[PDB]
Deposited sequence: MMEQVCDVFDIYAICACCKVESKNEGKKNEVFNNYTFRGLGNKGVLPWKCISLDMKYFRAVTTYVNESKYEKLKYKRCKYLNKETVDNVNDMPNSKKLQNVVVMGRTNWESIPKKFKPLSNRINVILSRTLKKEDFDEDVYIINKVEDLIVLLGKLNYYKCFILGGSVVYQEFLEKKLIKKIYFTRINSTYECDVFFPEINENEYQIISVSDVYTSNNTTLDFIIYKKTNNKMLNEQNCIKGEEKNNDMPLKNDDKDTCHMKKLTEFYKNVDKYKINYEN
């Protein structure tokens, strides 16, 4: 008998991945699969300049909350922790490298509870209104104390990798950038027997590239 931490605290992951520059047989008779889209970043930043439609999508998902559903969630969480009954916000978690790659003028992410994972840095090293944690456990701890809607793992390859291995992800909002770029960090390979796509959106063009959004859901059996 047991309840899962990912269902209780509604921890999700959101990302955008382009195709990797594998010049060797990068054309011809190359096999394709969902792992074709795995380029996360290049040299501490994004492989692409600006894909506005992905940003608008990223912002809508990470800032949207349904206040008429919170109490349902509150009860659940308080029940799991064995407890009792401003504007509601979502929580966004990011690795330190992910955080520094953000333009000062956009830190911390507006209308969101910013959480940063780091060992080398501590609260005193930040001026912004953000939470600093040094273990994945502290996030769970923090989540049990805060009033929030949903929790999104904004990323960093390292951050993505460790959250998936621990199966702390309920769903993955994956943006597929249909263009190739130079990358040095990649999204972890998703195990098909653990996560399965359940939704695929319309296809769009933005800043000279097509792209779509898909959703992976954690399987049970």
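Numbered from the first deposited residue, the unresolved ranges run 86 to 95, 232 to 280.
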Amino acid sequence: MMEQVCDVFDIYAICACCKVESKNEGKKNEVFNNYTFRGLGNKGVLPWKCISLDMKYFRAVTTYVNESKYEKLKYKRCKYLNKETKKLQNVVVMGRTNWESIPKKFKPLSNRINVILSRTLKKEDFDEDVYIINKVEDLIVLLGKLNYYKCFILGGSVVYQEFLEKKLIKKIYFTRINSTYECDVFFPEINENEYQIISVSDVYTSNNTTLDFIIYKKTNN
From here on, numbers count along this sequence of modelled residues.
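When the mean C-alpha temperature factors of 91 to 99 and 135 to 143 are read from the deposited coordinates, 135 to 143 comes out higher.
Mean CA B-factor, 34 to 42 versus 53 to 61: the higher value falls on 34 to 42. Between the residues 86, 112, 150, 122, the entry's highest C-alpha temperature factor is the one at 86. In the deposited entry, the Cα temperature factor of residue 175 sits in the bottom third of values across the chain's modelled residues. Placement of the Cα temperature factor of residue 188 within the chain: middle third of the modelled residues, per the deposited record. Looking at the C-alpha B-factors along this chain, the one for residue 201 belongs to the lowest third. Looking at the C-alpha B-factors along this chain, the one for residue 208 belongs to the middle third.
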